[PDB]
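Asker: Protein chains in written order, with PDB author numbering: chain A, 125 to 727; chain A', 125 to 727; chain A'', 125 to 727. A prime marks a further copy of an entry chain. Beta carbons: idealized from backbone N, C-alpha and C, even for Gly.
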Amino acid sequence: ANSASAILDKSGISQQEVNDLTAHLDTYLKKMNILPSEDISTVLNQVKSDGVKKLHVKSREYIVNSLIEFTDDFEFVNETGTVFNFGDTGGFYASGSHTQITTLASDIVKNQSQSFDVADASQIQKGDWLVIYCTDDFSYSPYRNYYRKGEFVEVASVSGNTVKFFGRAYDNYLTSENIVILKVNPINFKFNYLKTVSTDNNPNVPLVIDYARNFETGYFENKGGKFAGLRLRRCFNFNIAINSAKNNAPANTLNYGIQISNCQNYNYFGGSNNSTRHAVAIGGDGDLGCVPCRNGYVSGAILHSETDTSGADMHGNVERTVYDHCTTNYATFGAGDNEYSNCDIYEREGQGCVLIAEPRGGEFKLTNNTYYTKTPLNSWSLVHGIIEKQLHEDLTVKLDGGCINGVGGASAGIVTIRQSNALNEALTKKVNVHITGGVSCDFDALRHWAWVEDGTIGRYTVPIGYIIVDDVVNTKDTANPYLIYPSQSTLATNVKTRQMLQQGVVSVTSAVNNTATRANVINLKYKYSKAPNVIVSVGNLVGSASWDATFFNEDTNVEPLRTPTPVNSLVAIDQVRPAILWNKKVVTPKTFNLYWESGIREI
Amino acid sequence: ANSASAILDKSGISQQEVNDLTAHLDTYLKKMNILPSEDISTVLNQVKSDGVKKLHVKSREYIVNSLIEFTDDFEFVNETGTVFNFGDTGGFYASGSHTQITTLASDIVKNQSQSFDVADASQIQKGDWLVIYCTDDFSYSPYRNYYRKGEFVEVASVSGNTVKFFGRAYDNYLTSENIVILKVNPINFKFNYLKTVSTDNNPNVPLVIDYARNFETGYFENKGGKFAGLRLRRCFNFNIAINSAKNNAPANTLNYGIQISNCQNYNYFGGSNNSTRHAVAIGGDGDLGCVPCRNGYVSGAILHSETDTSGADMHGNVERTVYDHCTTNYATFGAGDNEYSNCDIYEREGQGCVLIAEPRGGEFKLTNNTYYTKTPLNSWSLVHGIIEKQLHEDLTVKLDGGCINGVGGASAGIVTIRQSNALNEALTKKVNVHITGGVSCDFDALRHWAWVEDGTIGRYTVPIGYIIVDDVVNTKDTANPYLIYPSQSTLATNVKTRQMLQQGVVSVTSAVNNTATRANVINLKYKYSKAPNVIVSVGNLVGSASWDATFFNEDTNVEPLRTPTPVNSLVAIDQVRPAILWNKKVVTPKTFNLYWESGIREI
Amino acid sequence: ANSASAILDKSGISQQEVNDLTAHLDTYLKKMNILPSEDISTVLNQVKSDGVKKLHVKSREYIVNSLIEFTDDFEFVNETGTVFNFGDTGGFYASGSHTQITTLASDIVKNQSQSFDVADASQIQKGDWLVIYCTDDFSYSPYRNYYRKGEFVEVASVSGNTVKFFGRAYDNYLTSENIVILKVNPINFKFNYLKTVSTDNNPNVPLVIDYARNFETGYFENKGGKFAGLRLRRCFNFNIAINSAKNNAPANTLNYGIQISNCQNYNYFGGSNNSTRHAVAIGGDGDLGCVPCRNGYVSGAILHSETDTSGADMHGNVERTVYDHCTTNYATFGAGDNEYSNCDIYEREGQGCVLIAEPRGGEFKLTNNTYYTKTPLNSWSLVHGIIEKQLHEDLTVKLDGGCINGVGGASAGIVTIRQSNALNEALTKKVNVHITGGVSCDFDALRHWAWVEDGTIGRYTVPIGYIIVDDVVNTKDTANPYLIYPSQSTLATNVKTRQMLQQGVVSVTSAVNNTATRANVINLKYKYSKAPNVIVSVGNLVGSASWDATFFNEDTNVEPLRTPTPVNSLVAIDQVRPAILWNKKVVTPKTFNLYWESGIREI
Ligand SMILES: CC(=O)N[C@@H]1[C@H](O[C@H]2[C@@H](O)[C@@H](C)O[C@H](O[C@H]3[C@H](O)[C@H](NC(C)=O)[C@H](O)O[C@@H]3C(=O)O)[C@@H]2NC(C)=O)OC(C(=O)O)=C[C@@H]1O
Ligand SMILES: CC(=O)N[C@@H]1[C@H](O[C@H]2[C@@H](O)[C@@H](C)O[C@H](O[C@H]3[C@H](O)[C@H](NC(C)=O)[C@H](O)O[C@@H]3C(=O)O)[C@@H]2NC(C)=O)OC(C(=O)O)=C[C@@H]1O
Ligand SMILES: CC(=O)N[C@@H]1[C@H](O[C@H]2[C@@H](O)[C@@H](C)O[C@H](O[C@H]3[C@H](O)[C@H](NC(C)=O)[C@H](O)O[C@@H]3C(=O)O)[C@@H]2NC(C)=O)OC(C(=O)O)=C[C@@H]1O
Ligand SMILES: [Cl-]
Ligand SMILES: [Cl-]
Ligand SMILES: [Cl-]
Ligand SMILES: [Cl-]
Ligand code: NA
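1. Does any residue of chain A' bring its CB to less than 8 Å from the CB of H402/A''?
2. What does the alpha-carbon distance come out to for the pair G410/A' and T456/A'?
3. State the Cα-Cα distance for the pair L523/A'' and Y454/A'', rounded to the nearest angstrom.
4. List, in order along the chain, the chain A residues whose C-beta lies closer than 7 Å to that of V629/A'?
5. In the structure shown, what three-state DSSP assignment does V446/A receive?
6. Is the Cβ of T560/A'' closer than 8 Å to any Cβ of chain A?
7. Determine, using beta carbons only, whether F240/A'' and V255/A'' come nearer to each other than 8 Å.
8. Leaving out the 5 sequence neighbours to the left and right, which residues in its chain are closer than 7 Å to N398/A' when beta-carbon positions are compared?
9. Taking DSSP as the reference, what is the three-state secondary structure of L648/A''?
10. When the Cα of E577/A'' is compared with those of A569/A'', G562/A'', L356/A'', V557/A'', which residue comes out closest?
11. Which one or two residues does DSSP pair with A455/A'' in a beta bridge?
12. Leaving aside the five residues before and after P688/A' along the sequence, list all residues of the same chain whose C-beta is less than 6 Å from its C-beta, in chain order.
13. Measuring only between beta-carbons, confirm whether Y421/A'' sits less than 8 Å from chain A.
14. Could you list which residues in chain A have their beta carbon closer than 9 Å to that of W671/A', in chain order?
15. Buried or exposed: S173/A', going by 16 or more other Cβ atoms within 10 Å of its Cβ?
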């Protein structure tokens with residue numbers, strides 16, 4: 125008579141039935157005769173096996189020595205101070221699933237297609253999450269074999285074997301290629317609060333969420349783990365909530381606070397992460413369905429590595445991704461069509477702020493950042509790229525505005541792109557560089573703003589479309605940089621440039637018997653890659669009345685009348701020399717101005 | 125003795141009283157004798173009628189055939205997999221309320237006033253949410269009768285009949301006009317998780333939240349619904365949480381994933397939505413209190429329509445709204461003072477990326493977007509506006525930076541504004557266009573960067589304040605666009621322009637007996653609307669020693685001395701022709717440079 | 125037999141044990157014999173003293189007359205409509221703790237160091253939150269004694285007495301200085317919903333959260349409180365969730381909606397706040413550990429003050445902070461390295477939009493804002509700074525793009541920096557101003573774009589590095605501003621400027637017997653600080669065939685041949701005067717063009 129089943133709630137259900145509406149870990153611990161001090165792996169596995177859809181957990185530290193694999197929807201409601209101690213062997217892994225349903229049966233055109241045919245659409249319906257995936261190694265990028273092409277789509281309609289999807293294709297895919305079509309069954313794994321402990325030797329990421337869509341995470345915190353703290357893998361449309369994901373293990377091939385692995389449409393609106401290596405690593409792995417990362421937006425994040433790599437990262441399978449209003453030591457720039465904007469970027473100890481080491485092609489945008497440097501920037505420039513493989517598309521570096529701080533040096537560079545000597549063939553595609561927007565630099569010395577060249581001078585020409593360096597500011601009067609450094613590739617026939625205009629005035633005084641009156645040669649603060657265009661004009665001094673023919677003639681009745689023909693008497697990459705050529709030799713010394721303007725505008 | 129009321133908790137309350145602290149749907153189902161497989165409409169209505177303030181729901185799919193109207197605060201705590209199936213007839217509608225309390229009694233000045241008098245302030249206190257609303261059709265915009273002016277305010281203080289409000293008025297409102305003052309009693313309708321199913325024929329939006337303030341939504345997901353998936357209506361200060369709101373119905377007048385209806389101070393920080401038509405529609409309807417939308421900020425969202433409209437939208441009652449770091453197919457630009465920045469914008473099949481179809485006035489800012497095009501852009505330009513009604517204020521298109529991708533064509537345009545032939549009267553206000561910031565375009569052909577003209581050439585002049593096209597890049601050597609296309613309106617007397625400077629060098633060699641030495645005519649890559657300003661100078665070749673009088677004279681003792689007077693011998697919209705005029709005919713051929721610069725700077 | 129302890133759940137725990145898994149306020153009220161209508165202070169204190177880690181609260185208004193001090197982790201789960209009425213005396217204060225563990229033992233270099241030695245690292249481990257703090261008054265800024273230097277760090281590793289930390293130092297700290305090292309034990313204080321009422325006389329902030337890290341707040345709302353609605357103090361890595369924090373009290377020294385006090389790494393992604401004074405105040409106080417604020421990012425917020433101060437604020441202990449896509453009446457700009465971008469900024473009644481009143485040094489970035497003005501801007505410029513103390517570093521104002529609206533006036537200024545007469549010594553560091561990006565201004569009159577000067581003209585020179593005003597637009601034909609206003613400091617020897625180029629054309633007609641043919645003097649729309657560089661060229665009219673020697677010669681066999689030597693005949697700050705000097709006096713009148721270009725480019 126003393127059972128909860130014998131007690132009647134006013135509704136007519138029993139007290140047992142009231143109790144059954146809420147699942148608690150403690151009832152399971154009692155029933156399974158597992159103490160809260162013992163490994164609870166079998167208990168967590170039993171709760172999920174029982175199909176419990178929401179589990180409340182009392183605040184304790186619990187041993188969890190197993191890898192707990194959630195494959196159905198599950199929600200934790202954990203009290204603060206609930207900690208799962210995975211030791212050397214445990215972890216949580218929450219995953220949806222895929223199946224290969226068909227193959228591609230029409231060609232997909234990058235940035236254009238919104239539909240494709242399949243061999244079999246019988247298992248496809250509107251709203252499905254499909255994966256287009258090429259199983260061929262290097263099919264996205266030549267840098268790593270597992271950089272394979274693909275993307276996630278949501279089905280808009282099916283008509284026969286024609287699948288219309290929302291949006292536009294991010295890549296080209298051919299019928300003739302090994303293109304498989306997967307269908308995803310996503311998981312909805314939820315938690316208000318999840319806090320974990322692992323040793324630095326535990327090879328399991330404390331939490332992985334895999335094949336999930338349309339979600340915002342709860343609070344997550346880890347201590348330990350060998351490789352990464354939190355991984356979001358093959359996820360689609362999600363926001364990362366503020367967290368304490370970290371890695372503090374001895375250096376290995378990963379060491380990531382958060383790893384965003386093969387995800388699409390991923391924001392991180394504010395937070396901080398610290399790691400032995402990358403704090404946020406954007407990349408992934410090489411299993412079936414591990415698509416390139418794209419449409420990433422990280423904002424307001426403070427991201428640091430303890431070793432001399434970058435806090436913020438983009439691997440070579442990452443495109444269409446931005447860090448905005450973030451702080452990082454160093455930065456990696458991914459495949460292309462990526463951006464760092466409004467960021468505070470600290471130079472690495474090994475020189476340079478931004479590295480392009482796995483370039484595929486597209487734009488590399490550096491918009492209104494603040495850069496903090498201290499090295500001479502002689503071995504690595506502020507922004508440095510090394511092309512070791514053929515590009516898929518033309519590469520453009522676009523540095524628009526911002527503030528470059530430091531001392532610089534006689535050999536410092538702002539943007540340098542080199543072809544590796546290991547790429548022993550001419551580069552098919554082109555490089556462009558665009559530096560603009562009133563970016564300032566307080567270096568005491570700077571060798572160049574932009575340079576692009578092969579790794580062996582005179583081996584190959586690196587094709588260049590255009591280089592624009594049109595609106596930059598060196599704040600120090602000792603700085604004397606090239607706008608564009610001259611060498612074979614930057615001087616090749618078809619290269620077009622815009623190089624910042626300069627202008628000035630110089631007072632000259634003619635002397636008796638002059639047939640020319642020449643300013644001294646003018647050494648330009650900013651040097652061009654080649655002799656610039658030069659305009660020279662002559663005019664009166666401020667504070668003097670308007671010239672008439674009496675200024676240069678002793679008697680205006682005497683003809684020919686003397687006039688000052690303005691010319692540029694000498695031009696070099698680094699020099700102009702305004703002068704006057706007289707039509708009759710000077711009799712009376714006169715003081716007046718010569719004006720000049722230099723520039724290059726070829727595209 | 126077997127009642128929960130007979131069992132004593134250690135606190136001294138009964139077990140029934142413990143149970144009563146938490147409301148569950150299952151107790152209601154039992155007590156009301158409604159099976160969980162039956163329509164639960166009467167149960168939900170009874171729970172809310174009972175004043176339950178927080179309801180826990182067990183994961184099942186529940187039939188809900190009625191429209192459930194929440195008019196008091198209510199909170200759901202739903203297990204994952206809780207689904208409300210509305211079928212053809214059901215939905216949820218959560219609403220606050222309004223009353224008309226008074227009328228406006230002083231004139232309000234746009235961007236200036238922070239107070240207004242009323243006829244009766246007896247029902248107003250500090251902190252109240254008031255609505256200023258004009259009941260007269262077309263009082264905000266001439267495009268649709270229900271585009272009526274008004275705004276939401278919060279009261280800062282009341283002194284007699286003077287209401288001081290926080291902020292500054294967004295519009296002008298006159299005593300003499302039909303201006304009513306409403307007071308809002310907001311609802312606080314909450315959910316952790318809400319997932320719904322409706323047929324595509326169900327005319328109810330699955331969830332509407334109306335007259336709520338100061339909130340962040342929980343997770344929401346719908347399948348089905350005829351018109352829209354989620355509507356936020358007459359809401360004030362809110363953030364939209366990530367969701368799966370959608371529409372997939374046959375095309376009708378709406379088909380919106382999320383509709384933001386008549387809202388003020390509305391962010392959406394990351395997400396994705398797909399719809400038959402607009403994914404996010406910003407607009408609303410025409411009931412009392414349906415103010416213009418303003419102060420919208422959507423960030424990090426991927427927004428697509430299946431039909432050839434736009435994923436991202438702004439209707440003609442929308443101002444002060446931005447999409448930033450979003451992706452969309454096509455784009456609508458609302459009333460004015462709106463922006464798309466840092467967006468990926470795909471061209472519609474029907475040509476063009478951005479449409480201004482209900483313009484009221486103000487700025488239309490396109491900042492650092494990437495545009496993906498494939499059509500010839502001959503019928504609709506990249507950015508295209510049609511003025512069919514008088515503007516309320518001058519209209520400015522400001523395209524600052526970015527990357528324009530595609531092939532273009534011989535008739536392609538970047539920015540075109542036309543007056544409709546249906547507006548058979550001269551336009552009162554002005555149009556301005558400002559294209560700057562180093563925006564690039566890789567078209568093989570382009571007709572113009574900017575053009576503004578009436579729909580019948582020579583009918584009316586469209587007034588233009590200024591057109592600036594000062595810093596653009598056509599990357600292809602085949603492109604030969606007008607900066608500003610010349611026609612009646614762009615050439616009218618009072619129009620002021622800035623048109624990008626060009627410059628170059630040409631080597632010339634004089635011939636024996638020349639009295640002039642003329643470069644061949646130079647055809648400019650970028651064409652002006654009218655003959656540009658031209659500067660010509662003469663100078664030495666690189667690699668040659670500084671000129672003296674011996675360069676152009678066989679014997680410098682013989683006077684007059686020959687000098688090279690530099691001139692521009694011919695000017696056209698598209699041509700310059702530097703030359704030298706000699707003061708005595710040439711005896712010795714000489715090779716030297718002529719330099720030129722063109723530009724227009726009128727404002 | 126009627127105890128919950130006598131009833132057995134199916135798990136084997138008693139019904140009392142089931143009940144004990146959830147804490148409710150109502151059980152405490154019963155057991156403590158406190159009615160829900162009485163002061164519940166003793167009940168809240170007992171719940172927290174009992175170590176309850178999660179408390180559920182039924183919706184009622186509860187009297188709380190005490191200041192409830194949470195010093196251990198605590199979580200509320202409050203029903204909507206739960207209100208804590210603090211009256212005149214109550215409040216909530218949730219705090220972590222600190223201890224001074226050691227002192228600094230090596231010098232730290234701003235923007236460079238990532239490690240420091242301590243006197244004792246025995247209490248330090250990896251992951252610890254440490255505070256570096258200088259106890260000396262004015263050690264961050266000279267404006268207020270409690271502006272002391274320091275920062276928060278997280279430990280990466282400890283080796284002996286060497287502490288490596290994540291990131292890079294934000295300031296310099298010397299061994300020799302009074303630099304203490306604190307260790308923080310943070311609190312995790314959580315709530316879903318917290319709504320409070322206080323009188324306007326209650327000196328307690330309704331909620332303070334102090335010494336917490338890695339969190340996102342829940343929903344918070346207050347009515348009342350004398351000084352501020354919500355304070356986040358000495359917090360590290362957090363996001364502020366949307367809220368209704370406010371202040372409506374009579375003006376005092378604070379009156380803040382939200383006060384961010386001495387915090388680091390703080391985002392606010394969307395919201396609205398209203399206050400008597402600042403809506404969001406960023407600053408803090410002067411206790412041990414009250415570091416400068418840094419790494420703030422507020423986005424999508426509508427922020428207003430009722431009095432004529434600013435809605436958005438940054439005090440003089442704030443650096444590295446941005447408001448983006450926000451709306452405010454007026455704005456304060458903090459210490460430096462701060463930004464307002466993409467904001468709508470309303471002019472205060474007392475003139476001006478943006479105030480720099482406690483400058484320390486660094487950049488003050490105003491990027492793409494829209495400014496709404498109505499005063500003549502004669503007493504305070506749009507952007508105005510007053511230097512009353514020595515700067516720590518050079519100060520740069522960088523106004524890049526945007527839209528300046530209003531009438532202006534004959535004395536209006538855009539950027540003005542003045543040295544106070546109260547600073548009766550020469551300023552050590554420099555001021556720079558950079559105005560660019562195509563910023564527009566629709567004023568009918570404007571005196572200057574940029575001016576920097578001492579408070580007594582001719583007393584001291586304010587050192588200026590550079591002033592650039594290179595790309596601005598006055599849309600009105602009546603506006604005639606100086607680019608840079610000329611006075612002692614802006615004209616001093618070492619000052620370098622870039623001042624926007626101008627150019628034009630004028631047709632002239634020679635007359636019989638001319639020895640010169642002079643255009644009338646040209647009055648420049650934009651005036652320079654000093655006589656500009658001037659280029660003059662001569663050329664043919666549009667529509668005329670290419671010039672040859674016949675244009676200026678009646679018989680080309682007669683030598684010398686007449687040629688038109690182009691010159692600038694007069695230059696002033698505000699004037700040019702193109703002319704031709706003839707080598708033989710004119711016989712036949714000719715009509716032709718003179719062209720001119722002006723500019724200054726000195727850095
Ligand atoms: C747990 C373990 O030890 N696994 C072995 C390891 O597996 C590798 C392999 O699957 C590659 C393709 O992915 C993972 O390592 C990447 C890593 O994700 C980073 N890449 C990107 C784009 O973010 C990093 O930069 O590169 C490594 C890498 O290429 O090794 C994965 N590692 C882990 C720890 O999960 O290696 C191999 C193997 O054959 O090389 C087999 C095991 O599964
Ligand atoms: C449920 C229904 O069928 N209602 C009928 C429909 O009502 C219209 C009407 O209230 C207008 C003013 O608003 C709604 O339609 C708008 C719609 O919100 C969009 N506008 C904006 C600015 O976002 C769209 O672009 O235009 C339509 C429109 O103008 O029709 C509302 N429709 C719905 C489905 O709620 O039409 C009428 C009627 O008299 O025209 C009456 C019914 O209430
Ligand atoms: C509750 C109270 O009345 N406290 C007295 C008050 O305390 C001041 C003092 O601690 C200063 C350093 O901080 C607080 O006032 C600041 C305030 O935070 C703002 N500053 C910034 C940078 O945000 C504001 O602009 O300035 C005031 C100020 O300097 O007074 C604090 N006030 C409060 C209400 O907490 O004053 C004194 C005192 O000796 O001056 C003692 C009391 O603790
Ligand atoms: Cl004169
Ligand atoms: Cl002569
Ligand atoms: Cl020489
Ligand atoms: Cl001709
Ligand atoms: Na710019």
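Answerer: According to the structure data:
1. Counted from its first residue, the third sequence places residue 402/A'' at position 278. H402/A'' does not count as touching chain A'.
2. In the second sequence, residue 410/A' corresponds to position 286, counting from 1. In the second sequence, residue 456/A' corresponds to position 332, counting from 1. Each residue's Cα considered, the two are about 20 Å apart.
3. Here residue 523/A'' refers to the residue found at position 399 of the third sequence. Here residue 454/A'' refers to the residue found at position 330 of the third sequence. Going by the C-alpha atoms only, they are around 16 Å apart.
4. Counted from its first residue, the second sequence places residue 629/A' at position 505. Neighbours of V629/A' on chain A, chain order: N657.
5. Translated into the one-based positions of the first sequence, residue 446/A becomes position 322. For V446/A, the secondary structure class from DSSP, reduced to helix, strand or coil, is strand.
6. Counting from 1 along the third sequence, the entry for residue 560/A'' is found at position 436. Yes, because at least one Cβ of chain A sits closer than 8 Å to the Cβ of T560/A''.
7. Against the third sequence, residue 240/A'' aligns to sequence position 116. Against the third sequence, residue 255/A'' aligns to sequence position 131. Not in contact: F240/A'' and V255/A'' (Cβ atoms no closer than 8 Å).
8. Counted from its first residue, the second sequence places residue 398/A' at position 274. The answer, listed in chain order, is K370, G381, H428.
9. Sequence index remark: in the third sequence, residue 648/A'' carries index 524 (1-based). If DSSP states are grouped into helix, strand and coil, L648/A'' belongs with coil.
10. As a position in the third sequence, residue 577/A'' is number 453, starting the count at 1. The shortest C-alpha separation from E577/A'' is found at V557/A''.
11. As a working mapping, residue 455/A'' is identified with position 331 in the third sequence. In the DSSP output, where bridge partners are listed per residue, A455/A'' has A436/A''.
12. As a first step, residue 688/A' is located in the second sequence; it is residue number 564 there, counting from the start. Closer than 6 Å at Cβ, skipping near neighbours: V662, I704.
13. As a position in the third sequence, residue 421/A'' is number 297, starting the count at 1. Answer yes: the Cβ-Cβ gap between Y421/A'' and chain A drops below 8 Å somewhere.
14. What you label residue 671/A' is simply residue 547 of the second sequence in a count that begins at 1. In chain order: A640, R642, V691, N692, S693, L694, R701, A703, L705.
15. Residue numbering aside, residue 173/A' sits at position 49 when the second sequence is read from its first letter. Result: exposed.
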